[PDB]
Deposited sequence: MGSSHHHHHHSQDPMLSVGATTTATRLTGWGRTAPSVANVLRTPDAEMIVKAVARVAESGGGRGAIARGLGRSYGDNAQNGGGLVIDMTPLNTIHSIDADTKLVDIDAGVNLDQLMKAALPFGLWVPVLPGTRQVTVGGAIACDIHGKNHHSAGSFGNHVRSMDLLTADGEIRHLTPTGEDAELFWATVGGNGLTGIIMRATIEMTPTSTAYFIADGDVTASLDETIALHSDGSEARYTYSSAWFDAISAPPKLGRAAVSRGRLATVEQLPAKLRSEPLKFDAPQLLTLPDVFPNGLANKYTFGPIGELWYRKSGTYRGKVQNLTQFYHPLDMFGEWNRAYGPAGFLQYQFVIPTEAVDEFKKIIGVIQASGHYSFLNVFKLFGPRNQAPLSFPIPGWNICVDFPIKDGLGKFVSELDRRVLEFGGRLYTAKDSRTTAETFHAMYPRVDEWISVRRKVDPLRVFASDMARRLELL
């Protein structure tokens, strides 16, 4: 079931024609890899295509669409383990798991992502500072490697090196077929949330450094990257935790695990309204309200700067607002500890996502941003990238050589390849 198809990432740029295999038959997939391994443009897995860049395409090669492998094999409330095919998506998983009092332990800002894509990008969420990234919660996975064998990987077993190279490995160690995830127990589908509004970058940072982060499992902020200082870096901060049944109002206690401008705006009254609106304590909120509040020709850019380099982070934010490039939708968060995966994106520090309209000079400006991010100890996220250079990437990820070595062992013939692997010289 092969079709020549034109593939892009979610950004709809850097287009690339590939032979797309789409089949629910795992044995067909094993044979397609073993076939590619005989004859040399290789293969890469694809999930739901929500990564903005070029990690899920392979120009003139094979792309295996994993979404048809979407069986949930089992869910267990006592062990908190789910056993699922890699093509299962987090929305599907959230729905299926709620009736067991289980919560998907790491959720990104859209639930249309596959488990395979979640592992391969080692995705993070609003709870990174309390929960780590997705890879921290994988207890096993079955990896179809270049030799056509399916390998059972665990984080502390004898194949730990390959497991942790696969986490964050952008599909370049093989095809994740199936995994077991440890879910988070919950008594409800709701959050209890506190809101705070700051008037400056200095305050934003202050709020995230005063120790209050430890009282919240989930935390993120909308961020002003346009206004000149002092307003620059002012934020609507939303923080919280999963509610217990005891904390819900009467109306919702019976089904606790359910799911289902003007002239004033820019002046003093507007400022007061927004400040009041964004300030609250103990507000009960569902998933959409707390986690996806947005449900009511761009360049996506995300970077993190090590915690200690706070002055340097501020400098970068100033560079952005003074650039002449205007990003209105900005997400800020303080990441917590990193994990063992050599290519994992998150590190403890100041994370920000920005979104720039594509216009003259942007390309060259974002290259300079890369340079500053690199210089200040930070990195970019592959899930949001199609334009950075191999030299920059390699310097941002000093464990890349360590990772490349692992990849060479498991794929000596370069059976697995993508546009991204060639661009960033991970091939």
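Absent C-alpha positions map to the deposited sequence ranges 1-20, 60-61, 283-297, 334-344, in order along the chain.
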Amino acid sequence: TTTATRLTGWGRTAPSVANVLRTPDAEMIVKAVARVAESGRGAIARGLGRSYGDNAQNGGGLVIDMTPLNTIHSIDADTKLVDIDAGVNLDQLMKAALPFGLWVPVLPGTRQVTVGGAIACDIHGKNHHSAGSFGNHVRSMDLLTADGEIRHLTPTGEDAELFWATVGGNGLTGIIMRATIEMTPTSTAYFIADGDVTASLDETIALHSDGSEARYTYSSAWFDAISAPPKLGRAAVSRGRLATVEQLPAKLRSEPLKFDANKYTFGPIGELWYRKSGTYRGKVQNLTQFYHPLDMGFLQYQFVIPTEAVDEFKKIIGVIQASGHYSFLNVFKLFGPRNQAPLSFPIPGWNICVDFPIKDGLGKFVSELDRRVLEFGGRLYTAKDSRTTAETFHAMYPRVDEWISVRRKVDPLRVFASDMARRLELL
From here on, numbers count along this sequence of modelled residues.
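The term rigid core refers to the most C-alpha atoms you can superpose between the two forms while keeping them within 1.5 Å.
Where the structures in 8 other deposited structures of this protein are fitted on the rigid core, 271-279 is the one of 271-279 and 145-153 whose C-alphas sit farther from the shown form on average. For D91, the record comparison shows coordinates present in all the other entries of this protein that model its neighbours, with no third of them leaving it out. Across the other PDB entries of this protein whose models span the neighbouring residues, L294 goes unmodelled in a third or more. According to the PDB record, 11-19 carries the higher mean C-alpha B-factor of the two stretches 11-19 and 401-409. The PDB entry reports B-factors from which the mean C-alpha value can be compared for 29-37 and 387-395; the larger average falls on 29-37. Out of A206, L334, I123, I181, it is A206 whose C-alpha atom has the highest B-factor in the PDB entry. Among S140, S130, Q247, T173, the highest C-alpha B-factor recorded in the PDB entry belongs to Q247. Annotation for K251: CA B-factor lies in the highest third of the chain's modelled residues. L362: CA B factor in the middle third of modelled residues in this chain (values from the PDB entry).
The deposited CA B-factor of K80 belongs to the lowest third of values across its chain. Looking at the C-alpha B-factors along this chain, the one for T217 belongs to the lowest third.
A56 sits in the middle third of its chain by CA B factor, as recorded in the PDB entry.
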